[PDB]
Amino acid sequence: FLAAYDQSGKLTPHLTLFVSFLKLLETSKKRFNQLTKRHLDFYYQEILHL
Amino acid sequence: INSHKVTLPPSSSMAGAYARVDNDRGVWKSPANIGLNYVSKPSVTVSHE
Amino acid sequence: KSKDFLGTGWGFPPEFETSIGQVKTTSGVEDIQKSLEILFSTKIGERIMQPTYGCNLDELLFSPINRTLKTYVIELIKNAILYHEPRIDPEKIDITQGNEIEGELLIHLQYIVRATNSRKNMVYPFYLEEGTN
Amino acid sequence: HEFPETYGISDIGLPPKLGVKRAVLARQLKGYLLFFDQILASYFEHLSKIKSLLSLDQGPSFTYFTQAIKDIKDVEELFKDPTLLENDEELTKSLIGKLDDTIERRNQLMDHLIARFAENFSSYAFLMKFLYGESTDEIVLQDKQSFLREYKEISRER
Amino acid sequence: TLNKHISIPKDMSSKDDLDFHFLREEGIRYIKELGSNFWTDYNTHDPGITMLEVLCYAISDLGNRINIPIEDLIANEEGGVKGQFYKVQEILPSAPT
Amino acid sequence: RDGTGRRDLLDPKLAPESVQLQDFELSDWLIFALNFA
C-alpha cells in the first residue's frame, strides 16, 4: 500500500495527514536511538574518569 | 514562606474599577470589559455551560 | 474546471462520515464562506506561530452605539480581510441597531468573489509560479 | 489544548446556543485527534523507563510502553472500556500487545550490558537445552540478570 | 568559578526536529506528494494546515527533552547511582596477589 | 589451541549501535491504528 501511493497524489485527506505525521517522526527516532551511546560514554568518561 | 499568596472576595476591586470608569467616561458607562490590577487569576474556571 | 484557483479543503466544523471513511471537504465559494466564519471567530493571539491572526471586534462590547464606533468597526473588518482573505473584495458594510432594549448590534457584510488570481493565494498548482508576495 | 475555542475541544466547552449538531461534531474531532496523542504519549513514556531498561539490579518485563491520557474532559465516554485508563500496564498489554517481542529484545539489552564488562554468555543458548525445553528462555534471562548483580565480587575474588 | 554573562544565539536554524519552520515546510511537501489530487488549498484558515502546525510544535517539545543530560535523565529520587553504575572504589581495585 | 591475535579482538556486541531502543516502521504504526480504531 505504502509503495503504491508514494507520490501518487491519490490519498484521502484523513490518511494524508496521518502518514505525513508518521514520516515526520523519523527524525525523533534518529535522536532517541543515540541514547545508548551517550550512556556508555558518560560512564567511562565522567564516572570512571578514563 | 514568601511564596504563599493572599486570596480575596472580588467586591473591593470592583469598587476601585467603578471609580475608574466614572472618571474616564461617566456614571452612565457600563463597568464591564475592564481589567483588574494585582490579580493573577480567578480562583476557579467557569465554563460556558 | 476553470475555477480551480479558489481551491479545495477541509470543512470548518469537520464532519466525519461512516458510510465511507472520509472527512467532508469544501470548494470554491463554499470554501470562501467558511474561511470568513473562521477568521471572525478567533482572537489575535490564539494561533501558536501566527501571533497576528483574527480580529478585535470584542473591544466594542459594552459600549454605546454612535458614528465614531461605526467608523472604527468598518476599519477593523476591512483590515482583517486585506491581511487574511485574498480571494474577495468587500462591497458594503451595513451597521444597524435592531433593538431599543436588547443589547444587539447588527452587522451585514456584502462582498464580491474575484475573477483573477491574487498574489497571496496559496493554492497548490498556482502559487508556485504566481505567488510573488 | 493548542486549538482555538471556536473548534470546541477545549475546557470551557462550546456555548449552548450553537446547537447539538455542533457539539456532536466536536466529539467526533476529539476522537480523531486521540490517534495522534496516544503515539506522542508513548514516546514520552518511553523516556521515563530508560533507567529500568538499563538497570543492573533488575530490568522490566516490557520493552515498549504507553500512558492513559487524562487531561481530556470526556475520555470516560470516548473509550469503550474506561477500566484501562486506571492502569497503564493493562493499557500497554491491550494497545501494544504482541508487537512487543520481549524475549528477543530483552536478550539484546542484557547482552550489551554483559559485554561492557568483557564477559560472554553465548553457551547458555544450547547448554540449557539439555536440561530444559521451551522454559529455557525465562531461565536464561533470570541467570543473566543475577550475573550482573553479583559481578563486583565475581571478577575480583578469583 | 565566577559568574559569566548570559545571552542567546541569533542563528535559529538547524534543519532538524528542533527547527519549527523546517518541520512545517517538510510537512507541506509530503502533503502535496501524497494528496494534491484532493487537497489543494493550503491557506492559513484551513483546519488541515492548523493541525499540522500544532503537531510540529509538539515534536519540538519532544526533541527538547531527549536532549536533557544523562545526569538528570537517570537520576534517582534520593540521589546516587546505586542501580546504574559501579563506582571506581568498587570496580577498579584488585585483590592482592 | 592457537591462542589469539589481532584479527580476533573485535567484540560484536560492544558497539552501542547493536541496540536500537526504538524500532517501529511506518507499517507498525499503521497496525497500531488498525487495532486502536
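These values consider heavy atoms only, across backbone and side chains, with no hydrogens, waters or symmetry-generated copies. So you know, we letter chains A, B, ... as the sequences are listed, proteins then strands, and number each from 1.
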Completion exercise
Shortest non-hydrogen pair, A:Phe42 vs E:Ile70, comes out as CD2-CG2, 3.9 Å
Fill in the blank from the handout: Note: A:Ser20 and E:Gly27 closest approach over all heavy atoms is OG-O, 3.7 Å
Completion exercise
To the nearest 0.5 Å, atom CD1 of A:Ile47 lies from atom NZ of E:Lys87 at 8.5 Å
Exercise for the section: Could you check if a side-chain atom of A:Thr27 sits within less than 4.5 angstrom of a side-chain atom of E:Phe22, using non-hydrogen atoms only? Expected result: no
Fill in the blank from the handout: Interface check, chain A: of E:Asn67, E:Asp16, E:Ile91, E:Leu92, most non-hydrogen pairs under 4.5 Å belong to E:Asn67
Exercise for the section: For atom CZ of E:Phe85, decide whether the heavy atoms of other residues, nucleotides or ligands shown that lie under 6.0 angstrom number more than 12. Expected result: yes
Practice task
Check whether E:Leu55 gets within reach of chain A through its side chain, its backbone, both or neither, counting any heavy atom under 4.5 Å.
Solution key: side chain
Completion exercise
Whatever's closer than 4.5 Å to a heavy atom in chain E on A:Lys10 counts as both
Exercise for the section: Any chance you could measure E:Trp39, atom CH2, to A:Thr16, atom OG1, to the nearest 0.5 Å? Expected result: 7.0 Å
Practice task
Would you indicate whether E:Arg24, at its atom CZ, is surrounded by more than 12 heavy atoms from other residues, nucleotides or ligands within a distance under 6.0 Å?
Solution key: no
Handout entry: Non-hydrogen atoms of E:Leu62 and A:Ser28 that approach each other most closely
Key = CD2-OG, 4.2 Å
Exercise for the section: Would you check if A:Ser8 and E:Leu34 make a side-chain contact, meaning some heavy-atom pair closer than 4.5 Å? Expected result: no
Exercise for the section: Could you tell me whether the side chain of A:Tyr43 and the main chain of E:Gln84 form a donor-acceptor pair under 3.5 Å? Expected result: no
Problem - chain A contact via E:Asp17 - which portion, at a heavy-atom distance below 4.5 Å - result: both
Exercise for the section: Measure distances from E:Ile66 to the heavy atoms of chain A and classify the residue's part below 4.5 Å as side chain, backbone, both or neither. Expected result: both
Problem - Side chain proximity check, E:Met51 to A:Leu17, heavy atoms < 4.5 angstrom - result: yes
Practice task
Find out whether E:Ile74 and A:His39 are in side-chain contact, i.e. whether some heavy atom of one side chain is under 4.5 Å from a heavy atom of the other.
Solution key: yes
Fill in the blank from the handout: Between the CD atom in E:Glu33 and the NZ atom in A:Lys23, the distance rounded to the nearest 0.5 Å is 7.0 Å
Exercise for the section: Counting only heavy atoms closer than 4.5 Å, note whether E:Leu18 contacts chain A via side chain, backbone, both or neither. Expected result: side chain
Practice task
Under 4.5 Å heavy-atom distance to chain E, tell me which part of A:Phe21 shows up: side chain, backbone, both or neither.
Solution key: side chain
